[PDB]
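S.K.: to kick things off, part of the complex as it is:
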Amino acid sequence: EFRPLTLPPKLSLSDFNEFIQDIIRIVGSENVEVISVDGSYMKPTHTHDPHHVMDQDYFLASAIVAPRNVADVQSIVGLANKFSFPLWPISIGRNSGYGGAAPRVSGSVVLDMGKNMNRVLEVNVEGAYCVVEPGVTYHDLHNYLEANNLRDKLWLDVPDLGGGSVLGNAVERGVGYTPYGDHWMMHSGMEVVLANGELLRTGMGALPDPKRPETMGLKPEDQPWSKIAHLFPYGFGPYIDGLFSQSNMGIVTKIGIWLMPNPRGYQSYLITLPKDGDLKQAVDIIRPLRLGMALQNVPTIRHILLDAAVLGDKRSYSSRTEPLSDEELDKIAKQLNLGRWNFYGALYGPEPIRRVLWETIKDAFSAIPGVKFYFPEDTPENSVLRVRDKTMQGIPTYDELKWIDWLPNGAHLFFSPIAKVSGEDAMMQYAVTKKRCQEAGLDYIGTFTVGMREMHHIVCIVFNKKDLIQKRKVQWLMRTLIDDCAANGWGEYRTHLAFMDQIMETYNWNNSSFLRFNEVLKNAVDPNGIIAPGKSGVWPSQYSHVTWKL
C-alpha cells in the first residue's frame, strides 16, 4: 500500500513503499496494513492510543506488521536498519492507561508480535514454570492449563484483567496478586532479537542444550532450551535481563515465567475500613504482616469509588457533573456495605496454617474502629470480593473493566507513584493527589497495592475522551502531580507515552547521570536507533531531544 498519513522521520514516500512492498513479500499481504478508530479491549487497536489524552491521532503508526515467526522479526529488523525505520514492538497492545499499542514516535511501524506468535511453548510440571510467546494472554494460558487438566497442579498469577500478554505485562514490570505477583521477578530465560538483528537468549538460556539427533538442523529460534534455562535466571556473568524490561533494547520473542503449585487450600477476604482517615492506621498495621509474611500475596487497599465504579457508572449514583463530595462518599460506602477504604487479600495453604495467619490478620486489623470482615460467601452476587476471589487464585476475569465507564466516554490514564509502607507517607501522598484531582474537576480513584516494603499507588484517572476541556485538565493534572510527588520524594513506576520524558527527568540525580548512562548503552547496541526510539524517554542520538521531547 502507497500513502500513510504519517511518515517516520527523514523518510520518503518512495522509500516507504519499497519498505512496505519489501515487507509484504516476507509476511504476505494478510499480515500488513498501511494507515491512510478506538477499538475495544476485547479487540484492541494497533494504530494509536485508544484512551487518548492528546489528540486521537497524536501517536499514530504508519502501518502495522504481523511477523509469522522469529525469522520474520529478523527479516523486518534488517529492513529497518536498511531504511532507518522506527519499529514499535507490541505483544497484545492492551497497554491502555499507558498508551495502548500507540508508538511513541508517529510514523513508526507497529509490530504486532501477538497475532501469529502465539504458542504456549512449554508447561513443565516438575520445574513449575512455563514458556510463552508474545501472544499468549493470561486467559489463553489459563485455557491451555484446563485443556491439559493441569489446573489441579499449577496456578497462574493474573493482573486485574484476563487479556494482557503474559510476557507483555512482564517486561512492563507489572503486577498481579498471588505470591507470584511481582511478574518481572518470576521470569527466567528470555529470547530477544536485538537492534542489530542477532538472536539472544538470557541467563541459563545461553547454555545451549546438548546435541542429539531429534533437534539437529533446527534454526536457533526453534531450538530447545537446556534444563536450567527456566529455573535459574542469573546464568553466569553480567546479568543483563533487566536491560529488556521497560527499555527499547530488544524485541522479546519468548519468556519463561515461574508458576505457583496448587497451594493446597485457598481463602480470600475483605476487611472494610469505615473512615477516609483509616488509610493511615490500616497501612501502618499492614507493614509487619507484610514484612513477616502474615500477608502472603499482593493485597490491595481500594478507594470506595473503584469498587463502586465496577458496580455502576457515575450517573448511577448522582447526576452531578462535579466530583463527589466527602459526604456522598460516605452514603455510597454505607449503600454498598463497604468502607471508605477496602482491604482485599488471600490465604494460601493447608487449613491449620491459614487459620493461624487469618487470626493474626483478624486481630491486627481489629484495632481500627468499625472494621468488618467478609468471606466471598458473605457478599451480594455482584460483589468485588467475588471477582477478586478469582483473581487471587489466577483466574482471568473482565468484571473490573466497567470502572472505565465511570464517565460517558470513559478512558483511564494511570498516575502511578510509589509509597513507603507507612500510613504517614501514604496519607501525605494521597492528600497531594486528592487536592490536585479536585482542582481539576475529577473524582479521585485509586488502589494501593502492597509490595514487601513499598506500595504501588495507582491513581486511576478516568476522563471523557471526547471532552477537550477535560483532556487538557487531565494533561494539567498528570504533569502537576508528577512534579508535586517529586518535590516530596516520589517517582512513578510506569507511565504513558505522553509522560515518559518528564517522568525520566524526575530521575535526575547527579545532573541526570542515570539517563546519560542509559543513552550510551542505547546507541551502542542500536547504531541507527530503529528500535522503539523514545520509550521511557531514552532517545538514540539521531533523535534530537529538542524536536522529540515532551
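M.R.: Happy to help now that I have it. Numbers count the residues shown, from 1 in each chain, chains lettered A, B, ... in the order given.

S.K.: measure residue A:387 to residue A:376 for me?
M.R.: 10 Å (C-beta to C-beta, to the nearest Å). (C-beta placed from N, C-alpha, C; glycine too.)

S.K.: more neighbours: which of the two?
M.R.: residue A:387 (19 against 16; other C-beta atoms under 10 Å).

S.K.: and the helices in the stretch 401-550 of chain A, which stretches?
M.R.: For the stretch 401-550 of chain A, helices defined by DSSP state H, counting those that start in this stretch occupy the ranges A:423-439, A:468-486, A:500-506, A:509-525, A:545-548.

S.K.: just say which of the ones you listed is most tucked in.
M.R.: Mean neighbour count (mean count of other C-beta atoms under 10 Å) peaks for helix A:500-506 among the helices of the stretch 401-550 of chain A, with a mean of 19.

S.K.: chain center to that helix: distance?
M.R.: Computed by C-alpha atoms, centre = their mean, to the nearest Å, the chain-centroid distance of helix A:500-506 equals 18 Å.

S.K.: packing partners of it?
M.R.: helix A:468-486, helix A:509-525 (3 or more C-beta pairs under 8 Å, 6 or more residues apart in numbering; DSSP states H and E).

S.K.: domains of chain A?
M.R.: A:1-118, A:119-141+A:155-205+A:225-261, A:266-496, A:497-548 (curated CATH domains).

S.K.: measure the third one end to end?
M.R.: Meaning domain A:266-496. Criterion C-alpha to C-alpha, to the nearest Å; first-to-last residue distance in domain A:266-496 is 36 Å.

S.K.: next: the shortest one.
M.R.: Distance across domain A:497-548, first residue to last, is 12 Å (C-alpha to C-alpha).

S.K.: that domain: how far from the chain's middle?
M.R.: Distance, centroid of domain A:497-548 to centroid of chain: 21 Å (C-alpha atoms, centre = their mean).

S.K.: stretch A:228-241 too?
M.R.: Distance, centroid of stretch A:228-241 to centroid of chain: 23 Å (C-alpha atoms, centre = their mean).

S.K.: buried set for that stretch?
M.R.: In terms of neighbour count (16 or more other C-beta atoms under 10 Å), stretch A:228-241 has its buried residues at A:228-231, A:233, A:235, A:240-241.

S.K.: out of these, which comes closest to residue A:47?
M.R.: For these, the minimum distance to residue A:47 (C-beta to C-beta) is 30.9 Å, reached by residue A:241.

S.K.: does the closest one touch residue A:233 like I think?
M.R.: Yes - here residue A:241 reaches residue A:233: they are 6.2 Å apart, a contact under C-beta atoms under 8 Å.

S.K.: between those two, what contacts are shared?
M.R.: By C-beta atoms under 8 Å, 6 or more residues apart in numbering, residue A:241 and residue A:233 have these common neighbours: A:187, A:202-203.

S.K.: so which residues of the stretch 351-500 of chain A form strands?
M.R.: A:372-374, A:410-415, A:418-420, A:446-450, A:454-464 (DSSP state E, counting those that start in this stretch).

S.K.: which of the ones you listed sits closest to residue A:304?
M.R.: strand A:446-450 (10.6 Å).

S.K.: buried set for the closest one?
M.R.: In strand A:446-450, counting by 16+ other C-beta under 10 Å, buried: A:446-450.

S.K.: can you map out the helices along chain A?
M.R.: A:13-27, A:70-83, A:138-147, A:166-171, A:279-291, A:304-311, A:328-335, A:351-365, A:384-391, A:423-439, A:468-486, A:500-506, A:509-525, A:545-548 (DSSP state H).

S.K.: do a quick rundown of the strands in the stretch 51-200 of chain A.
M.R.: A:63-65, A:87-90, A:109-112, A:120-124, A:129-132, A:154-155, A:187-194, A:199-201.

S.K.: rebuild those strands as a markdown table, extending it with distance to residue A:357 and mean neighbour count.
M.R.: A markdown table is the format used below for these (distance: least, C-beta to C-beta, whole Å; neighbours: other C-beta atoms under 10 Å):
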| stretch | distance to residue A:357 | mean neighbour count |
| --- | --- | --- |
| strand A:63-65 | 48 | 24 |
| strand A:87-90 | 40 | 26 |
| strand A:109-112 | 44 | 27 |
| strand A:120-124 | 29 | 17 |
| strand A:129-132 | 26 | 24 |
| strand A:154-155 | 18 | 22 |
| strand A:187-194 | 28 | 24 |
| strand A:199-201 | 39 | 19 |
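
S.K.: drop chain B onto that structure:
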Amino acid sequence: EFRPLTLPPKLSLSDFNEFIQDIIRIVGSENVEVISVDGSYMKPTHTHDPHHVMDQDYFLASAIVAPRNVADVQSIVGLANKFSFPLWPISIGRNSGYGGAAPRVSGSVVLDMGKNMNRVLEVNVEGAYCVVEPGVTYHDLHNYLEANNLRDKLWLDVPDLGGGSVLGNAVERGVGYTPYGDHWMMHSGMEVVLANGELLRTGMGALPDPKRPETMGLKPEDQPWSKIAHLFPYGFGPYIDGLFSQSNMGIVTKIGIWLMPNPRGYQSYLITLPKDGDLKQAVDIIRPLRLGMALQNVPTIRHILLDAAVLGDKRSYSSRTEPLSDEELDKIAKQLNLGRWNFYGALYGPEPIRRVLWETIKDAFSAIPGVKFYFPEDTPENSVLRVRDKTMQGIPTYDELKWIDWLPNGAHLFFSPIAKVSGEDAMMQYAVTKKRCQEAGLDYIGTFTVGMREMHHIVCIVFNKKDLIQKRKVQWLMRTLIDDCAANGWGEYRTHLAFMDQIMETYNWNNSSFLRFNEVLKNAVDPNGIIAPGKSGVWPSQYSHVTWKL
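M.R.: Putting chain B onto the chains we already have gives this:
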C-alpha cells in the same frame, strides 16, 4: 615506590612512576603499597591468589591502592583513564577459591575499596534494610546490630563464614542461608563509580532527595537518598542494576540490602541420610516442599566428608594417599553420627506454624529407612549443626574454615554447576563429578544449596598448594568438569580467575551471542578498557583475545 614485579600491558616504567606519584599525592603513601606472601583468611592477601591453582605469582598486582573516600575513586579512575592503567576493584578480598583479591590481568592496581570505605551508613527499622560500604563485613554489621540493640528487631544473612563483604558478596550473586539467602535479590539502590568517572545511583536512587537546608552543597557522594531508594529496586526505565553483578561495568561504592525482621520463632535441625544414593529420594522429597514454603530458607545437603573435614584433617581418618573408598566413608559416617548425606534446615515464625510444617517435613523424609532427626541440643558440642544453628539465624562463624585443612597445605577451588531440583539430575551431576575426581586422585567433597527451582552444587576441590604434580591434576580436573557438565546441559554460576574464559565459552548458544552483546556494552561505557579487564571473560577491544584468554 620505583620498580614493580609485573607491569600492566603496554605501560612504560616511567609511566608507572608518574602514575603512582600522583596516587601517593591523592591518597597519601600509607594507602599505597607497591609490590617488589600467602597469609591467611583473617589478614587476607591483597596481591594475589592465596589458594593458587596456577603459579603463586601468576595472577599478581603491580600495586595496591586504598581510596579514602568516593572522590579518590573518581580521581584514581580519571588517572587510570589518563594512563590506560587497568584496575582491580575489591571490597575485602576474601573471594578465596575464586581467586581471592588477585587481578585477572597481571599488572593491575588492586583497588582496596574496603580499607577505608567502611561505614554502615544506615539501618532502617521500619523499612527493614541497611546501606553498606565495601568495607563492612558480615561480622562488622553483626557487631553494629548488637551495639545498637537491633538483633531484637532485625536479622542478617550470612554465607558459611563471617569475613566476607556484604556488598562484595552481593555483587557476586552469592548465597546465604535464611529466607534472605539470595543476597543479590535483596539489594536495592546502589551507588556506582562509572568507568568514565561519573557517579551513578540506580533504581529510585536516581530520584533526588528533595532540597532542604541541612543537605545543601554536599558533594553528591555524601548526599542522602530519597525515601523509596532502598525499598523498591526497579525505579523507572530500563533496570540496569544487574549490569554491575559479575560484570566489569563499574566500581560499586554503596549498596542497600534488605534485612529480614525477627520472625518470632526459630529452630534449626539436621536430617541424616544413611546411604550415598539417598541423595536421590531426598532431593525428590525436597522438590515439592521447597516450591511450597515448608522450606522457607536455603537449606543445604552436605556430603559426609564436608563435615568430617570440619572436625579433623584427612591424616586423622586414614593414612592413605589415594581417595577414600566407599566403605571407609560409611565408617566415618557411623563414627560421627552422620549420614552419607546430611540435610540442614530451619523453620522460621511463631510456634503454631513451625509445629505443622515440621510434622510435614519429618513425615516426608520418613519414606527413607534409617532416617534420623536432630535439633541442635541433641548433638555433640563441636557439631556442624551447632555451627549452622547460628548461620541460619544471621550469626557468623569461622569454624567452617577447618575443612580447607583436609590436606596438608590446604587450598580450595570451587566448581559450582547448577542442577535441577530432581534426584535423577542430582545423582547424574554427582556421578559425572565423582568419576573425574577419582581420575584426578581427589576425594569428592560438596554441598547442594537448595534454591527455589535450582540447586547450587558446590564441588569443594581441596588441594596441596605446594604440590606441583597435584595442582596440575586439579587444573585438569577443573577444565574437564566444566566440559563434562556442559555436554550434560549444566553451566556454572560463578568461578575462578583462571576459568572465567572457559566457563563463558561454555555459554555459546547461537555463536556466543551472549558474550558478543556483553562485549558491545563493555566497550561502550569503558572506551579505554580500565575497569577489571577480563572479568567473566568480557574483554575490552584493546585486549587481544589471543593474547589474553585461558
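
S.K.: tell me the residue in chain A that is farthest from the middle.
M.R.: Centroid-distance maximum for chain A: residue A:213 at 41.1 Å, with C-alpha atoms, centre = their mean.

S.K.: and the gap between that one and chain B?
M.R.: 15 Å (C-beta to the nearest C-beta, to the nearest Å).

S.K.: how about residue A:42?
M.R.: Distance, residue A:42 to chain B, by C-beta to the nearest C-beta: 30 Å.

S.K.: do stretch A:172-190 and chain B meet?
M.R.: Yes - remark: stretch A:172-190 sits within contact range of chain B at A:173, A:184-185, A:188, by C-beta under 8 Å from any C-beta of the partner chain.

S.K.: count of neighbours near residue A:329?
M.R.: 20 (other C-beta atoms under 10 Å in any protein chain shown).

S.K.: wait, which of the residues of stretch A:172-190 next to chain B is closest to chain B?
M.R.: residue A:173 (5.7 Å; C-beta to the nearest C-beta).

S.K.: got a list of what that closest one touches?
M.R.: Neighbouring residues of residue A:173 by C-beta atoms under 8 Å, 6 or more residues apart in numbering or on different chains: A:183-184, A:245-246, A:493-494, B:234, B:239.

S.K.: between those, which is nearest residue A:217?
M.R.: Lowest distance from residue A:217 to these (C-beta to C-beta) belongs to residue A:245, with 33.3 Å.

S.K.: who's in contact with residue A:201?
M.R.: Here residue A:201 is in contact with A:189-192, A:225, A:229, B:509-510, B:513-514 (criterion: C-beta under 8 Å, 6+ apart).

S.K.: including distance to residue B:78, could those go into CSV?
M.R.: Output for those, formatted as CSV (distance: C-beta to C-beta, whole Å):
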residue, distance to residue B:78
A:189, 39
A:190, 37
A:191, 40
A:192, 35
A:225, 44
A:229, 42
B:509, 38
B:510, 38
B:513, 34
B:514, 32
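
S.K.: so which bits of the stretch 1-150 of chain A are right by chain B?
M.R.: Contact residues, the stretch 1-150 of chain A versus chain B (C-beta under 8 Å from any C-beta): A:126-129.

S.K.: for those, work out which two are farthest apart.
M.R.: For the residues of the stretch 1-150 of chain A next to chain B, the farthest-apart pair by C-beta to C-beta is A:126 and A:129; their separation is 9.7 Å.

S.K.: what about residue A:57, how many neighbours?
M.R.: Quick note: residue A:57 (other C-beta under 10 Å) scores 15 neighbours.

S.K.: thought it was touching residue A:48?
M.R.: Yes - here residue A:57 reaches residue A:48: they are 6.1 Å apart, a contact under C-beta under 8 Å.

S.K.: please name the bridge partners of residue A:155.
M.R.: As for beta bridges, residue A:155 partners with residue A:260 under DSSP bridges.

S.K.: report the contact partners of it.
M.R.: Taking C-beta under 8 Å, 6+ apart, one finds A:178, A:180, A:259-263, A:393-394 in contact with residue A:155.

S.K.: for the residue nearest to residue A:103 when sequence neighbours are not counted, give me its contacts.
M.R.: In this structure, residue A:103 finds its nearest non-sequential neighbour in residue A:88, 3.5 Å apart by C-beta to C-beta, 6 or more residues apart in numbering or on different chains. Contacts for residue A:88 (C-beta under 8 Å, 6+ apart) come out as A:61, A:101, A:103-105, A:108-111, A:532.

S.K.: and which of the residues you listed is nearest to residue B:307?
M.R.: Nearest to residue B:307 among these, with distances taken as C-beta to C-beta, is residue A:532, at 54.2 Å.

S.K.: the nearest residue to that closest one once chain neighbours are set aside: neighbour count?
M.R.: In space, and not counting its chain neighbours, residue A:532 is closest to residue A:248: 3.5 Å by C-beta to C-beta, 6+ apart. Residue A:248 has 27 neighbours, counted by other C-beta under 10 Å.

S.K.: OK, contacts around residue A:248?
M.R.: By C-beta under 8 Å, 6+ apart, the neighbours of residue A:248 are A:522, A:526, A:531-536, A:538.
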